[PDB]
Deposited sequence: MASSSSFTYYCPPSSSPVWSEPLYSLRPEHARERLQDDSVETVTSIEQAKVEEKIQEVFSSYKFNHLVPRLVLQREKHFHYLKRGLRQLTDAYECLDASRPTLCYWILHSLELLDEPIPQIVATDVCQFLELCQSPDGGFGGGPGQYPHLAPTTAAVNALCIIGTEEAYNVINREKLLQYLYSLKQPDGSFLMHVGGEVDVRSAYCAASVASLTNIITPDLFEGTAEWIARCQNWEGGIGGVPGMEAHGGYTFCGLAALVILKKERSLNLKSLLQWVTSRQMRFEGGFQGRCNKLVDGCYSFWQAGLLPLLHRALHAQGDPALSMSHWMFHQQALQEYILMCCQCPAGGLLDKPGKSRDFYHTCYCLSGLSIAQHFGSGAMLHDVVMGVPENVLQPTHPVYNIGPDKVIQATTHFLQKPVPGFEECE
């Protein structure tokens, strides 16, 4: 009787509108309507939960190499596609062949701008989003060929070129500012060992001005809290080792409230809709918080589980987010894509794997072949790859230095 979303008491988690209908309530009721079908189907005239690995693999394999014109609108996000596909192959535990690794490398090299960073495609101008994605990808490959693609001197200049007086960073030259760009600078700067004393001056204070009355963080000061900006906020501070800047208690109250009592998934902001990729952006905050309350002695932390219903998140991802053709979705009756394939999987991995000091405790719903490789919650690549790269770049000096 052992599946949380199919228990009879679970019918009570349905929306109560208090007889006052609004757009928000009508839409929430429609999703809960669909999700109910999916659940009452799995029970019909018992069966298990399987992660369709072979199907997801074929989809990924093929995409890494070639794409129809439906994908024209991702023509300035190619390194980002690389990262989405390699991360999902890495999670599903799929060795990358060497001629594929090699092709990825030479490609990212053509995306690299002569003044530093990577652009969305060969000969495009550089931008922080494809820059983090390219670096992450090179790390997933984890070889010396890949590590040497990155021009660390030019990376650091590029980053100085984006840094603002008030602590923030532009996404690209003449571009806009938001918390994503700080995360990106922190992620790339710290894996490649290029942090100088002043690079992040003002940055952690800028980030905290972004934490708002709700507990979460918004894209820039004043803005509503959102899972994507919050994760980047927290994670960038964990990198800078300034988690203390934020009010971690209100941040915790906020994220835990973003798990949906019926669906099991996460919404990205309050009173909006469940969405598969928030399985990483929201639920990956719990590991970050766990390690932060712990480095302040919190003695009330658990040592089996993160502070969300891991079981119920897994049930959402496995029953509602899988495409029978391969790949994963926002929610039922959407169509798949590589971004959701990547982040639904990253979130399933996180809901599977607890680790804290010397504690480890896994929780794998459905068949045991469902287990994924663990992901590092700051960088969202594998913990080994993170170690291997940091170690390797630590051998060279920060530039403008020795």
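In this chain the deposited sequence has gaps in the coordinates at 1 to 20, 66 to 67, 425 to 427, listed in sequence order.
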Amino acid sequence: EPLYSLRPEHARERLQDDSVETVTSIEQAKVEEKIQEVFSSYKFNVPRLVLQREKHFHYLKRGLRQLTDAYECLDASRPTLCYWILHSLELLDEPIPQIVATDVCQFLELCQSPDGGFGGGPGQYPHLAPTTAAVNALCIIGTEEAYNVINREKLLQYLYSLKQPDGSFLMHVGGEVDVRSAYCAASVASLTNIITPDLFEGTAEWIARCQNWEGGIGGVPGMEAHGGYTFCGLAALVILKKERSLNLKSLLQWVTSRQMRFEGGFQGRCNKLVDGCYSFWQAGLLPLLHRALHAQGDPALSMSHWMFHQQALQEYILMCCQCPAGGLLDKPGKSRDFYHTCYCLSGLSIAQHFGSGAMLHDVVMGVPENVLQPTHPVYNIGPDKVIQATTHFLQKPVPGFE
From here on, numbers count along this sequence of modelled residues.
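Annotation for 69 to 77 versus 138 to 146: the higher mean temperature factor (C-alpha) is found in 138 to 146.
Across the two stretches, 300 to 308 and 175 to 183, the PDB entry reports the greater mean Cα temperature factor for 300 to 308. Among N45, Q352, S346, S335, the highest C-alpha B-factor recorded in the PDB entry belongs to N45.
Note on the listed residues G63, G357, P374, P377: the highest Cα temperature factor in the record is that of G357.
When the CA B factors of the chain's modelled residues are split into thirds, the value for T341 lands in the lowest one. Placement of the Cα temperature factor of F200 within the chain: highest third of the modelled residues, per the deposited record. Looking at the C-alpha B-factors along this chain, the one for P165 belongs to the highest third.
Placement of the Cα temperature factor of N193 within the chain: highest third of the modelled residues, per the deposited record.
Among the modelled residues of the chain, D330 sits in the middle third by CA temperature factor in this PDB entry.
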